[PDB]
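Protein chains: 2
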Amino acid sequence: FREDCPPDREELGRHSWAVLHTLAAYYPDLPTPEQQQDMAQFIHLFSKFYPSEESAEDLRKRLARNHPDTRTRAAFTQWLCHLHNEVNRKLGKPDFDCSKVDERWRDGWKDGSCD
Amino acid sequence: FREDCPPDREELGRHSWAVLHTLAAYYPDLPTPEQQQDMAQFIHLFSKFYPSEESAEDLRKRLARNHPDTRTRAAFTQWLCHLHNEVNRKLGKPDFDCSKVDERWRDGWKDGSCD
Ligand SMILES: Cc1cc2nc3c(=O)[nH]c(=O)nc-3n(C[C@H](O)[C@H](O)[C@H](O)COP(=O)(O)OP(=O)(O)OC[C@H]3O[C@@H](n4cnc5c(N)ncnc54)[C@H](O)[C@@H]3O)c2cc1C
Ligand SMILES: Cc1cc2nc3c(=O)[nH]c(=O)nc-3n(C[C@H](O)[C@H](O)[C@H](O)COP(=O)(O)OP(=O)(O)OC[C@H]3O[C@@H](n4cnc5c(N)ncnc54)[C@H](O)[C@@H]3O)c2cc1C
């Protein structure tokens, strides 16, 4: 019944997706070369530190075969959603509909339910 | 009443501290030069992308005056806790007792309440 405990696999995963999908969602539509390199390095280093040894190792391999597209906010947000669906599929979870990433992570549901 | 909405300032902040304090907590006790450089760069780039413009700008300045100590897991976990207390103080929040960072973010309360 305590909420101030060390996040387990699932809780840390939920926090980490929230972070990553939020950062993606406010990444520029026209990022500078520096911002593109910087964001590719961010996700690279994040993968180096992600503390679940199983989780992080699959993620490093998954990224070796699938480099972050940081060209634009659109490409990077979709890329990240496609990355997340790969882990969802791994875990038996359904795909998240990536045409929804903007509503979910930046703008809110179009029907108004986050108001 | 929806939990799948875009995190506001406070929710993203809570996710982001969870991430950062969890990553810190599993950082090596004897990190290699590479791991030290990599973690200093991670926090640097994180500060570049943190999407609250006010929040992120204070954080970049706060880091210019206070560079991440990534020498060891102990120094980095304490450093991060001291960084977090600076934001808590800014916001009128009490200091978190940094001798507790291990219980809170890795091992669980010593009294057994995360079991
Ligand atoms: C980088 C990373 C790698 C991980 N690797 C593993 C692993 O190898 N093995 C393992 O057991 N766990 C892994 N996890 C943890 C795992 O993915 C989940 O976070 C955890 O299992 C809790 O799942 P959940 O059902 O609450 O939803 P989560 O998968 O945590 O998703 C959180 C929320 O994000 C939204 N969402 C879901 N999919 C997408 C999408 N594709 N795009 C945009 N938004 C989405 C939904 O609103 C959902 O409620 C990993 C987590 C991360 C961040
Ligand atoms: C890097 C960063 C910079 C931010 N800058 C601003 C800003 O400039 N202005 C603004 O309004 N908001 C800022 N925020 C958001 C803000 O700090 C809080 O996250 C948010 O206000 C919600 O606060 P909270 O009371 O739920 O606890 P949080 O501050 O979100 O803390 C979450 C939990 O962490 C634990 N904790 C608290 N302090 C520490 C500590 N020092 N060390 C270890 N664990 C701790 C406690 O268990 C607490 O419940 C920032 C967030 C981050 C991650």
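Quick mapping for you: the protein sequence lines, in order, are chains A and A'. A prime marks a further copy of an entry chain. The opening residue of the first sequence carries number 91 in the authors' numbering; numbering runs sequentially from there. The opening residue of the second sequence carries number 91 in the authors' numbering; numbering runs sequentially from there. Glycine included, every Cβ here is placed at the ideal spot set by N, Cα and C.
| query | Once you ignore the five residues that flank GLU193 (chain A) on each side, which residues in its own chain have a CB closer than 8 Å to its CB? | reply | Once the five neighbours on either side are set aside, the close Cβ partners of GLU193 (chain A) are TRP199, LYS200.
| Span of the alpha helix (DSSP H), counted from its first residue to its last, around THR160 (chain A') | Here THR160 (chain A') belongs to no alpha helix (DSSP H), and DSSP marks it neither H nor E.
| task | Pick helix, strand or coil for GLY103 (chain A'), following the three-state DSSP scheme. | result | Residue state, collapsed to three classes: helix.
| Pairwise C-alpha distance: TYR140 (chain A') and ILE133 (chain A') | Looking at the two C-alpha atoms, the distance is approximately 10 Å.
| query | When you compare each of A:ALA164, A:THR167, A:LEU173 to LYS151 (chain A) by their alpha carbons, which one comes out closest? | reply | Closest option to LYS151 (chain A), Cα to Cα, is A:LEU173.
| message | Tell me the rounded alpha-carbon separation between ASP205 (chain A) and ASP187 (chain A). | response | 21 Å
| request: Assuming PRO158 (chain A) contacts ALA130 (chain A) (C-beta within less than 8 Å), just tell me the rounded distance between them. | output: 5 Å
| said: If you reduce the DSSP assignment to three classes, tell me which class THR167 (chain A') lands in. | reply: helix
| request: Consider the C-beta atom of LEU113 (chain A') and the heavy atoms of ligand 1; say whether any pair is separated by less than 7 Å. | output: no
| query | Thinking just about the alpha-carbon of each residue, which of A':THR122, A':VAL177, A':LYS190, A':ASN178 is nearest to the one in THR162 (chain A')? | reply | Cα-wise, what sits closest to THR162 (chain A') is A':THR122.
| query | What residues from chain A' crowd round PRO97 (chain A), counting only those whose CB sits closer than 7 Å? | reply | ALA108, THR112
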